[PDB]
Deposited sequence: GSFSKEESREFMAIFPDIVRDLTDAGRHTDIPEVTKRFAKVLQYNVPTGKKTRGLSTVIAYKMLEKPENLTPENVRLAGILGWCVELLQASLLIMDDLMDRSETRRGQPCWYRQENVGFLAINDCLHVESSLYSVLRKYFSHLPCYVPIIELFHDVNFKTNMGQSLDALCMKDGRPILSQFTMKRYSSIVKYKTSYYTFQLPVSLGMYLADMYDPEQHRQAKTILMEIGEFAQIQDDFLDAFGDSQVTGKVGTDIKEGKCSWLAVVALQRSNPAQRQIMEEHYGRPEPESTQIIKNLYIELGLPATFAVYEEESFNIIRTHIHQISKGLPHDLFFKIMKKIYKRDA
């Protein structure tokens, strides 16, 4: 992202906080409104805002050059901040259901994005498609979180649940819809692109990129140079665990049953040793090359009047 794109995007955030904390309204509840400003300030605008900035970039690469006014690019930035409010609610729910934050802050922050949408977009033709997209993405993300939870019982991973079909569904519902589809579909709607066939062609490619993104992340959790990866300790339905179970003989499966999802550092090393024995690094290398080629082909084939350069830019960001 350019300095100009980043600075213009960041310039919106203080307005969003003022909008949501009723600045100029003279509220009857100033204590809790001031607290909510801190919830937003402490949790929403920090670090990389990749999903929010991707919303702006998607809009800039989908819209007609003539319509790329400072006003329309600022609307794209506001949609980007609504994606970041959703991201912040999800990260808050993560901080809560593993560990100042109150349990209802995740609900509150999620609800706040709809107030921002009403303020800035309610008079535009894209309003209803955009709110329905956020509604649908919220519901599907919750389904993905529940499907992930159905892989654990009484603090132990259920290895019979670790199928590639279930893994692919968790990644799609829990992560890819809100991370990859939502920014691009928002850019399309702000560009007055409503055609279901266009959204569908974008979705096919974005779910493929999202699957590689999570598989790469799962690979690096164990095999990256260090955050220090805890997927094995936490019993996560990781791509590595799924493929290990596909590749295991009965003796190797017994090692997974005994040592996967255990707190002891030695058990994490036993699983890493089994992943090495099973050739998961070589399997990832083959998958990275094969998935790159398939996705590149699908982007070359993209039709329905969609630009290729947006999808190539997304693919190159993930694959480097």
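Residues of the deposited sequence lacking C-alpha coordinates, numbered from 1, fall in the stretches 1-2, 102-118, 246-249, 344-346.
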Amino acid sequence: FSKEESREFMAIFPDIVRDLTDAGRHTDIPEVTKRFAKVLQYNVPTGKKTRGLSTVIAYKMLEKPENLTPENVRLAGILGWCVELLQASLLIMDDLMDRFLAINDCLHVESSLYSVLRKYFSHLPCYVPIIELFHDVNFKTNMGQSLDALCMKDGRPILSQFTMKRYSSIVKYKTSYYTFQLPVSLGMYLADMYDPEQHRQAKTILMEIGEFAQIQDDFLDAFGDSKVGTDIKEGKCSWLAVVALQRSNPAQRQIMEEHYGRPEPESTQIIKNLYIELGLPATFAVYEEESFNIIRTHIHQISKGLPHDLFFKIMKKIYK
From here on, numbers count along this sequence of modelled residues.
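Between the stretches 78-86 and 142-150, it is 142-150 that shows the larger average CA temperature factor. Taking the mean C-alpha B-factor of each stretch as recorded, 123-131 and 227-235 are not equal, and the higher mean is that of 227-235. Within the group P281, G52, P65, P45, the record's highest C-alpha temperature factor is found at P65. Per-chain ranking of the deposited C-alpha B factor places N72 in the middle third.
Sort the chain's modelled residues by C-alpha temperature factor and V17 lands in the lowest third, per the entry.
Residue-level temperature factors show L40 in the lowest third of its chain, judged at the C-alpha atom.
The PDB entry assigns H199 a C-alpha temperature factor belonging to the middle third of its chain's modelled residues. Among all modelled residues in this chain, the alpha-carbon of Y260 has a temperature factor (C-alpha) in the middle third.
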